[PDB]
Amino acid sequence: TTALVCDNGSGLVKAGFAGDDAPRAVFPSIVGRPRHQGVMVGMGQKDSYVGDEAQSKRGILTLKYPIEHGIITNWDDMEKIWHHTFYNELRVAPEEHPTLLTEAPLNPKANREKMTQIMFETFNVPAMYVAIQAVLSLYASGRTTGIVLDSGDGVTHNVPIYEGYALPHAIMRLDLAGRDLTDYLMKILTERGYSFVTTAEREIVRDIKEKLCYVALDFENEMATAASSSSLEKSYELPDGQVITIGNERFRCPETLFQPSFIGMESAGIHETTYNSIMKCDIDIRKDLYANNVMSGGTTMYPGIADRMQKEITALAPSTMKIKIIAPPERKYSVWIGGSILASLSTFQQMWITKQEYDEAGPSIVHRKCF
Amino acid sequence: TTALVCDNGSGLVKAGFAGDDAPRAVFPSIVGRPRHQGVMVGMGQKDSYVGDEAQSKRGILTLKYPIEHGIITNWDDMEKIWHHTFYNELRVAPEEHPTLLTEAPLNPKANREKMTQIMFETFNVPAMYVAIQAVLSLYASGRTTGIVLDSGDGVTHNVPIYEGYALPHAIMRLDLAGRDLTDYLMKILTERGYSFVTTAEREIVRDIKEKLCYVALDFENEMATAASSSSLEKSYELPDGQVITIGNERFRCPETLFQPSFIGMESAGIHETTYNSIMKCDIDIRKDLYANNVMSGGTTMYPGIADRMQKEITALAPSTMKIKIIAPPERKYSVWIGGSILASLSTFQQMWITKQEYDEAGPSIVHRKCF
Amino acid sequence: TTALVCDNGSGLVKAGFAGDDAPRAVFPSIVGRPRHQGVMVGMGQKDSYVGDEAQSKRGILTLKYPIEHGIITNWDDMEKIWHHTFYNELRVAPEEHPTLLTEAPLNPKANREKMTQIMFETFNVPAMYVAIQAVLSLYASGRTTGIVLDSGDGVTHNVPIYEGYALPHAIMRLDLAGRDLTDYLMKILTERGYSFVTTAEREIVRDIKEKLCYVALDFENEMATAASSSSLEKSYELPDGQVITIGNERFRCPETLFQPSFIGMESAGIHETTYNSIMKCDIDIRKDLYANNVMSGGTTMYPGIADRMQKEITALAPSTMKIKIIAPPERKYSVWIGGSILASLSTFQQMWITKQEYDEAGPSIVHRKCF
Amino acid sequence: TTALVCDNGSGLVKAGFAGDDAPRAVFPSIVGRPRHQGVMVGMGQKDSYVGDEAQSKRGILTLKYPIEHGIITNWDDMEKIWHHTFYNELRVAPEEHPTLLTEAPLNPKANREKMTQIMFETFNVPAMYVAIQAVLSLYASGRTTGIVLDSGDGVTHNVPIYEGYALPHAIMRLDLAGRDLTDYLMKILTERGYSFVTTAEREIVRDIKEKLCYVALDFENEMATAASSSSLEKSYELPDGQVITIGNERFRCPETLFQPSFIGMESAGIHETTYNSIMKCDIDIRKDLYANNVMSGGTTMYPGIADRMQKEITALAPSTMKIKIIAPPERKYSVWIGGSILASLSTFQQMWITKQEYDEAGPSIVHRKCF
Amino acid sequence: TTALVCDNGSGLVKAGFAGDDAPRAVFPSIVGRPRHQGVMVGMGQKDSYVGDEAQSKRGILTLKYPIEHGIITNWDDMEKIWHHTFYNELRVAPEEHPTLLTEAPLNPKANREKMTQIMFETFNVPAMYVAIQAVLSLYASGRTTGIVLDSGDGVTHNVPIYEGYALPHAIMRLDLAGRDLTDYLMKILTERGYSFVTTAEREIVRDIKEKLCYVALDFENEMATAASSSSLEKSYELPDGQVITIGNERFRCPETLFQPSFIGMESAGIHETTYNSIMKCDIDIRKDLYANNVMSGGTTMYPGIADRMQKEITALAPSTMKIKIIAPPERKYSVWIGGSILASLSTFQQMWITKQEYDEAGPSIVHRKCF
Amino acid sequence: XXXXXXXXXXXXXXXXXXXXXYXXXXXXXXXXXXXXXXXXXXXXXXXXXXXXXXXXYXXXXXXXXXXXXXXXXXXXXXXXXXXXXXXXXXXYXXXXXXXXXXXXX
Amino acid sequence: XXXXXXXXXXXXXXXXXXXXXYXXXXXXXXXXXXXXXXXXXXXXXXXXXXXXXXXXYXXXXXXXXXXXXX
Ligand SMILES: [Mg+2]
Ligand SMILES: [Mg+2]
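Chains as they are written, first to last, in PDB author numbering: chain A, 5 to 375; chain C, 5 to 375; chain E, 5 to 375; chain D, 5 to 375; chain B, 5 to 375; chain F, 1 to 105; chain G, 1 to 70.
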């Protein structure tokens with residue numbers, strides 16, 4: 005047989021066999037339900053919807069979003085998502101393969117324990133594993149040392165990994181991920197005041213985050229251009245309906261990552277988090293990590309992040325020592341890609357959990373057996 | 005057995021078994037009574053008359069018109085109409101079938117409650133249902149999404165239906181239906197001043213609305229042609245008696261729908277109502293409805309409506325997005341046709357009210373059970 | 005028992021049982037009294053004379069004519085007439101039957117009230133009814149719709165009757181009846197100046213109206229023939245004495261009906277009255293009446309009326325619509341014939357007045373109970 | 005110069021300068037022509053007669069009545085009337101003043117267009133205006149809100165006017181005016197059967213309508229008194245000739261207004277028309293109109309109307325709210341009085357039509373320029 | 005001099021000098037224009053109307069409502085309102101005082117920029133300020149901490165204010181204000197189907213919202229009483245015209261706030277919004293806000309809100325900790341009252357904008373200078 | 001020389017021949033007491049009136065019955081209940097998370 | 001014997017007496033060419049409509065100005 009990996013890093017959900025270059029297809033992990041009396045009696049009423057099916061149907065559906073802050077909120081919804089993805093896309097039966105799970109690090113045990121409980125009981129499945137994002141990110145990016153930032157839909161990460169080892173004290177964990185940012189977007193956008201709030205309406209913003217955003221190189225100077233120029237301003241349609249046209253309000257959004265006042269918290273932001281978290285970690289290693297610096301997924305998609313990142317580290321580092329960052333093409337897939345590699349090597353045959361243990365000891369097994 | 009549908013959308017009244025393409029026959033829902041001493045003693049005096057029987061006899065009869073504004077005004081008259089139609093046309097006995105009822109939406113409960121009360125008690129009839137016009141209009145027109153305009157004798161409608169669901173907040177309801185328009189016609193027509201007011205005389209106008217009307221493409225420009233030309237002017241007989249010849253007074257009538265000053269109200273009219281009622285409904289759906297736009301019955305019969313409709317929506321829409329309208333051949337029957345489909349499918353066996361409930365709970369049953 | 009009808013439409017008086025085709029015999033309703041000393045002492049002096057008895061005796065008798073303008077002028081004379089007719093012709097006793105009375109419409113109440121008073125008191129008679137001429141005229145002519153013209157000795161009528169009902173506003177009533185016409189004849193005839201005025205002498209004219217008259221097809225053209233020809237001129241005897249020969253003076257007489265200048269009044273005449281009285285009545289009915297047009301009695305006897313009637317209505321009608329008239333053979337009897345039918349049907353047993361009411365309430369009864 | 009107003013509300017015709025309290029003199033608008041050979045050769049034959057001149061001469065003259073149903077029927081007759089009134093009464097020359105015209109509302113354009121055409125061409129006259137009766141009625145009665153009933157010789161009106169504005173949808177227009185009523189009178193009166201029909205004879209009735217009529221307070225109860233009493237009965241002379249004495253036949257006449265069966269039409273009558281026409285008009289205004297209720301001219305002259313009016317509105321209104329009516333002394337003049345006020349104010353110098361427009365554009369001018 | 009405050013929170017508009025306890029007078033901010041031909045020429049036509057003047061005149065006027073969703077829609081209308089209020093009520097000249105403006109928070113910049121532009125240019129006025137509602141609400145209510153709900157005519161608010169500071173991330177903003185609720189009322193009310201739609205007719209509903217409404221304590225239980233009882237049902241007049249009597253339809257209306265299905269949106273409603281918006285705000289503060297909870301203006305007027313509010317928070321809070329709400333007497337004035345305090349203190353002399361800045365820099369000044 | 005049969009017969013005749021007196025005596029005298037009834041012809045009038053006017057015809061039914069319009073535990077309100085249950089975020093998510101997250105082994 | 005005054009006066013009168021012909025000739029003939037104008041009554045319609053509808057009224061300000069916000 006063969007080995008299969010689900011990404012449930014939140015946002016669109018990624019699933020594919022070991023050794024394909026990229027997953028077969030991808031699903032938002034929206035779940036949605038009817039909102040209105042069903043009034044074509046000719047219609048079959050189906051009461052739950054997921055995936056691009058929902059993505060089409062949205063307007064009368066309303067969304068629940070089944071992962072808050074990387075912790076999966078409500079199990080039966082997950083079960084819908086998970087079940088659907090296997091049967092409908094994959095045409096795969098749960099006995100058929102090991103299945104591999106992708107986890108926010110350093111977050112509450114419950115997601116581990118129930119995830120395994122469900123998947124061994126509800127599905128009955130040869131082998132289970134839970135793996136921390138950064139590890140996969142390294143394997144795919146193929147530099148045994150590094151530090152990773154990958155800020156998905158959900159909770160946003162720094163882990164230095166040195167070659168072959170963890171520094172779990174080192175790690176920093178932040179709720180700044182693109183979802184919350186997007187919901188901040190609206191509180192900007194009503195300034196121009198083309199304005200809409202409902203769940204589907206909030207996802208409409210996601211498209212604008214695709215098209216119209218780019219990262220501030222320097223905030224003041226950009227504002228000066230804002231006074232000077234309209235190239236900062238671009239014209240964009242509703243997905244259907246109007247043309248909409250957006251000022252600094254585009255570029256201002258990502259700045260939240262650098263200055264998280266605008267939806268306000270204090271943790272002094274990505275870059276200062278990074279340099280903080282290094283200076284936590286020990287003295288000799290540091291040069292390598294200064295060399296090997298790696299980024300992936302949801303936030304990184306924005307054009308320009310790497311430049312201001314370099315500006316920030318060159319601010320905080322003693323300039324004397326090398327700095328660079330990696331911005332691979334494939335970042336949005338990266339995690340699952342690394343997972344594919346992780347699945348491939350025979351050593352996991354040594355490493356998987358098997359059903360037998362789940363028979364002979366509880367969910368407790370996981371928390372010893374995996375990281 | 006078999007399943008039977010009355011249309012009591014006002015104007016002529018439409019009744020037919022499930023699965024015939026078109027109802028067996030049709031009756032105005034005039035009711036009329038004597039006006040003068042009955043002076044042939046040889047004559048049998050019958051004191052009430054309905055249907056084409058009345059339609060022949062009219063002159064000494066005078067009319068009551070038993071539905072104002074889609075709400076049926078006076079029950080015993082209805083009972084005459086209803087009784088007559090079953091026994092005289094249909095040769096049908098009330099036990100024999102379910103019977104299906106066709107309702108103005110969003111209008112006072114009383115018509116529901118008494119209608120059911122009568123039909124379960126006065127007739128005793130296996131199954132009852134009340135259904136909202138637009139639903140039938142979709143089924144017959146066969147596009148699961150849409151918006152409907154159907155302006156009968158009685159109150160005139162917009163409902164967007166999305167596929168499989170209602171948007172009851174969306175809905176707009178107007179007293180502009182062809183009856184009131186026709187009575188406006190006379191207040192025009194006395195300008196040329198061939199002039200007559202009584203009930204039968206008012207129905208005589210209905211024929212002229214059949215033959216001589218057509219819709220203004222553009223109002224100013226038509227007036228300019230009115231100054232230029234007499235093709236605007238056509239020559240028409242009394243149903244008996246004179247030749248009559250009518251100017252702009254023909255085309256001016258329908259304009260009331262677009263500009264309801266001329267019998268004066270404010271609701272800014274059909275087209276602005278439509279775009280209003282969309283922009284009420286939510287953002288994503290809109291394109292579909294812009295595509296799928298459907299019309300039926302009494303007003304739509306006029307030649308030309310669809311064109312000016314397109315002109316109006318192209319005015320109000322951002323032109324960027326598709327617009328079209330449907331103008332099916334069969335519109336005047338459409339409702340009952342859809343009802344026939346509605347009757348056909350076995351799911352209504354799940355869905356009908358049955359006598360048993362009416363035994364065990366009141367008229368209250370309806371208002372839960374149906375929309 | 006059996007049911008009996010008097011016609012007292014003036015002129016000769018018509019009486020007969022229900023169901024005979026034509027009345028048993030007929031009497032002028034002349035009344036006459038002596039004028040000269042009675043000088044054969046051998047003669048029995050009888051002081052009052054009626055009927056063909058008088059019609060023989062006339063010369064020394066002088067006439068009173070007991071009905072002016074359909075209202076019966078002088079009661080005791082009527083009583084003579086009435087009494088005589090029953091006992092002498094009919095051999096009938098007043099208890100024996102209901103008796104049916106025939107009335108000018110729309111004329112003063114008194115004739116109703118006294119007629120009934122006398123006939124219940126002076127005669128004592130099971131049942132009484134008073135009926136309007138046109139109704140009978142329809143029943144006999146057997147078309148439930150119509151308009152009637154029947155111009156007797158007395159006041160001359162238009163009533164449209166629609167099937168089963170009256171239009172009493174519609175009705176027109178004129179003093180142009182043949183009696184007054186005949187008295188105009190003399191004021192013509194003295195032009196040729198064979199000339200006589202007394203009552204008996206005036207009735208002598210009636211015969212000439214029988215034989216020598218015919219209706220002008222076109223008045224001018226006839227005058228042109230009058231200049232050309234003598235076929236217009238015919239030779240006729242006194243009832244005894246001379247040969248008399250009469251020019252245009254024959255045909256000119258009926259023209260009075262079409263042009264009532266010649267004994268001068270204004271009401272614009274029969275034909276214009278008819279079209280007037282229609283256009284009074286309402287719009288839809290009209291075609292039927294244009295189809296069904298019916299005439300009877302005293303004036304209609306003239307050859308040719310129907311043709312000029314058609315000429316007149318074709319003048320005034322929009323030619324587009326059908327016109328015809330009926331000219332039945334039996335017109336002079338028509339009224340009583342219809343009365344016979346009216347008497348026949350058992351429903352009058354429901355309908356007659358009975359003595360009991362006359363006991364329990366006054367003459368007032370009539371005016372409610374009958375039309 | 006100075007400004008002059010003709011009333012051609014039909015019946016007697018009213019003409020007078022602005023600012024006199026009441027018009028100088030008044031003329032029936034009879035027109036009449038000879039009927040008989042003119043046989044005093046000493047007499048000058050004048051072939052047309054108008055005004056009190058005719059009113060004296062009547063007997064051999066016969067009448068045409070140049071306004072049917074407020075629409076002026078036959079122009080050259082009007083021209084006689086109009087010409088006569090100016091020159092003979094007014095001693096006024098057409099250049100000398102503006103002239104002001106008084107119109108039935110909502111009635112065929114032709115009267116406007118020809119009236120102006122004649123008066124600018126045949127007379128050549130500085131300024132023309134056509135004004136709707138109710139407006140004048142308010143100005144004279146001086147309450148800026150109201151509803152008006154003024155039923156002249158001609159077509160009978162309801163217009164609510166709110167202060168400063170028209171509600172043209174509101175308006176009701178009826179052919180029930182006193183002329184037709186009077187002609188109904190004869191069809192009553194022949195019951196007592198002192199009876200006469202010709203034009204002059206019909207106007208003789210007008211006097212009786214002056215003297216002997218009064219309005220039924222309650223119809224049944226009055227009939228009960230009719231059975232009881234003769235105070236209902238009064239004795240009256242022919243204008244010359246007989247004494248005539250009239251029963252319920254006096255009071256029964258006005259009842260036609262309340263129950264227009266007796267000359268039969270359906271529009272449910274004055275009072276029900278009024279409440280109908282209000283309930284047409286919109287919701288908030290109503291109280292004022294319930295307060296301010298105003299009546300004038302030909303019918304209103306009858307004693308007692310106001311009382312039964314109050315009875316009728318108190319029937320139909322929810323009694324809770326105030327009701328009253330106005331019955332000013334001067335009602336028969338009212339229209340022209342208001343016209344005088346209308347003429348007075350300098351704003352009509354802004355408002356009149358002038359000859360210049362009639363030069364530069366057609367009769368079409370009117371229909372824009374005036375109401 | 006002295007300092008003056010306009011409230012343009014929508015609905016009636018509130019204006020008064022600093023230090024009076026309550027504003028001098030108050031105006032709806034209706035604007036309305038003629039709808040019908042002006043047909044008393046005696047009337048002066050004024051083409052625009054505002055204020056109680058309009059409130060009287062309404063019936064022929066039709067309304068525009070110049071603030072949608074707290075953003076002022078159409079400037080020239082505002083200018084009418086604003087101009088009128090100063091000159092007609094206040095007898096105040098624009099130079100004379102600073103003027104203080106009252107704003108929906110977090111809503112599009114344009115209202116700020118144009119408001120200032122107009123008031124410095126069109127009026128020329130010593131000092132301008134724009135202040136966020138909640139701040140005033142606290143000052144008047146005098147508890148330096150709090151959370152505010154004030155749902156006017158326009159967009160409905162939650163802001164926690166901690167003593168001396170804003171938590172702008174915290175804030176929630178909803179279009180549920182009483183206007184839209186009222187327009188929902190009609191879509192209920194036609195169930196009983198005394199039914200009216202036009203602008204003036206919609207404001208008539210406002211009165212019913214004054215008199216007849218009260219808040220559901222528990223929805224199910226109230227329905228159970230609805231089955232039991234008629235005390236739920238009360239009898240009420242039209243402002244003029246009918247008595248009207250209203251069932252559960254009264255209390256059902258406010259429930260929309262708690263369940264905004266009935267005009268359907270999702271934001272889970274006032275109470276869940278409130279607890280949501282707290283749990284957004286940070287951890288330690290919370291107890292105070294649980295203690296200090298403050299409400300004002302348009303919706304709060306309803307009897308009973310505070311009770312169900314307590315029920316809802318006691319549902320969602322851990323019951324362990326104190327909860328209470330404030331329901332001051334003066335709520336409908338509250339905003340302007342607080343504004344008066346805000347105006348009073350000399351520190352605004354430090355704080356106002358002055359004309360000088362508006363000279364030396366643009367409208368841009370505002371958005372820095374004020375919140 | 002006399003007053004005679006001959007003259008008396010003359011008077012008799014003229015009397016008989018004189019139409020004006022006798023007809024006037026009967027007809028003109030009888031014209032005045034002409035009428036008393038609640039005419040059935042007028043019964044038609046009253047009945048027609050009954051049929052005539054909306055204020056009787058509409059109002060008799062509509063004021064009477066449309067007075068009392070309603071009772072139900074609305075099926076539309078079932079929609080509201082279901083929606084609010086679906087969209088009581090604080091209920092579902094926090095109940096589920098409190099239940100699970102408390103257990104840490 | 002003739003064609004005369006007496007008959008000729010009859011014809012004259014009847015002409016005068018015939019209501020149908022003369023009234024029909026003037027009224028029915030004049031009824032048909034009744035109307036051509038850009039009615040001022042319709043000017044009211046157009047103007048009111050202009051005041052009537054949000055798509056003109058709201059959009060004229062809001063589309064125009066909320067374009068430039070900042
Ligand atoms: Mg008048
Ligand atoms: Mg406020």
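For each residue, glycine too, the CB sits at the ideal point set by N, CA and C.
Quick one: list the residues of chain C neighbouring residue i, beta-carbon separation under 9 Å, in chain order.
i	result
E:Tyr169	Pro38, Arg39, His40, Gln41, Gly42, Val43, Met44, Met47 and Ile64
Output the distance between the C-alpha atoms of residue i and residue j, rounded to the nearest integer angstrom.
i	j	result
E:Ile289	C:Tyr143	43 Å
E:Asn225	E:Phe255	12 Å
D:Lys191	C:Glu107	50 Å
Quick check on the DSSP output: the alpha helix (DSSP H) that includes residue i runs from which residue to which?
i	result
D:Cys257	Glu253 to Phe262
In chain C, what lies closer than 8 Å to residue i by C-beta?
i	result
D:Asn225	None at all; the shortest Cβ gap to chain C is about 25 Å.
On the DSSP letters alone, give me the boundaries of the beta strand (DSSP E) that residue i sits inside.
i	result
D:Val17	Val17 to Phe21
Using the beta-carbon of each residue, which ones in chain E are nearer than 8 Å to residue i?
i	result
D:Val201	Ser271
* By C-beta, the residues closer than 5 Å to any heavy atom of ligand 4, given in chain order -> With respect to small molecules bound, the structure shown includes ligand 1 and ligand 2 and not ligand 4.
* Using 8 Å as the Cβ pair cut-off and three pairs as the minimum, do the segment 349-365 of chain C and the segment 157-172 of chain C touch? -> no
* Compile a chain-ordered list of the residues in the segment 127-150 of chain C whose CB is closer than 9 Å to at least one CB of chain A. => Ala135, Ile136, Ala138, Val139, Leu142, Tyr143 and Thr148
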